[PDB]
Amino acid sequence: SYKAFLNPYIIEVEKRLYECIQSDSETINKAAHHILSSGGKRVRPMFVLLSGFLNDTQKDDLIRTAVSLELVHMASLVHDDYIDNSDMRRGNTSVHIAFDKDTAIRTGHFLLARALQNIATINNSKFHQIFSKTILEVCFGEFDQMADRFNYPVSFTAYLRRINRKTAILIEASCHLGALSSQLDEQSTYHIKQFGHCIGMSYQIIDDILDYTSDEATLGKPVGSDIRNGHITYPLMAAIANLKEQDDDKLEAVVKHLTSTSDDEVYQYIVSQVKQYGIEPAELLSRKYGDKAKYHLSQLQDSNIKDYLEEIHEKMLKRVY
């Protein structure tokens, strides 16, 4: 019944999403459409909208905030897939493959441009302070991730930092900016804000877990993609610590000497060690963030909207619950 309440809005933002991409440029219109047509769970607008519906209020700002977040989210994906060399997206070809590198970079900046155009209406420094801050942070996270490739060890703090910027904060901004465009009170804003942050953390851990556990079918790319590109994630970290407990530090030695030119045999070894030793601690950690998000949901006033958020919390974190 939650896809019924957001039904009129999801189709509204979708309509405006296609409006925002209209361009007198031939390729860009095609390219923008290409990724905008590609799947999309629109989970960020769903947080924006629901966060604004916590208190009794109506604004045209609310639904247009959601539109902008999606545009920024998709702007990051186009650029991402070109940087990461990915050729697939939920079963759809990536823009740099379907078109070329130049189009891929242009369309990314184009989406960011229109996303910022869309919210330029909202005359509010705090709003833009928050939004521009998270965008900067996402970049910072990407810089750190790129420098952390094939560089062991990665501290637990640095890992949390990494997954915070690349997933958690944009979702936290969704709940925060949504709460602003509805003048929600500080007590209720804090809880939904921390809900968004914790749900994003938990979700990104799950994603990192799936990189090891799942098959190429639900991934769309080889199992162990993160480590094959040098990315050290908590599942690997946890697996290493467990083996050291059993006095076995061979995995540690292998990862330390890991290089961009490493043989597939070394990756296959790493993958299986992670599957055997790193999955459960990663699930445990993910659960902590999930349970923390539940607490913040339970502390906000009982209402209809609360139930929708709770049902999204069950869906997104199903792999751990």
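Residue indices: 1-based, along the sequence shown.
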Study note, to complete from the structure: The stretch carrying the higher mean Cα B factor in the deposited entry, 134-142 or 77-85, is 77-85
Exercise for review: Mind pulling up the entry and telling me whether 213-221 or 143-151 has the higher mean Cα temperature factor?
Suggested key: 213-221
**Study point:** Candidate residues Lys275, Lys256, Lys59, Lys288, the one whose C-alpha B factor the record puts highest
**Key:** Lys59
Review point. If you check the C-alpha B-factor for each of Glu26, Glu283, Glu252, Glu265 in the entry, which is highest?
Key: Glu26
Point to revise | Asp185 - Cα temperature factor, lowest/middle/highest third of chain | key: highest
Practice item. Name the third of the chain's ranked CA B-factors that contains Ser68, choosing lowest, middle or highest. Key: middle
Check your understanding: What third of its chain's C-alpha B-factors does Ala293 belong to: lowest, middle or highest?
Key -> middle
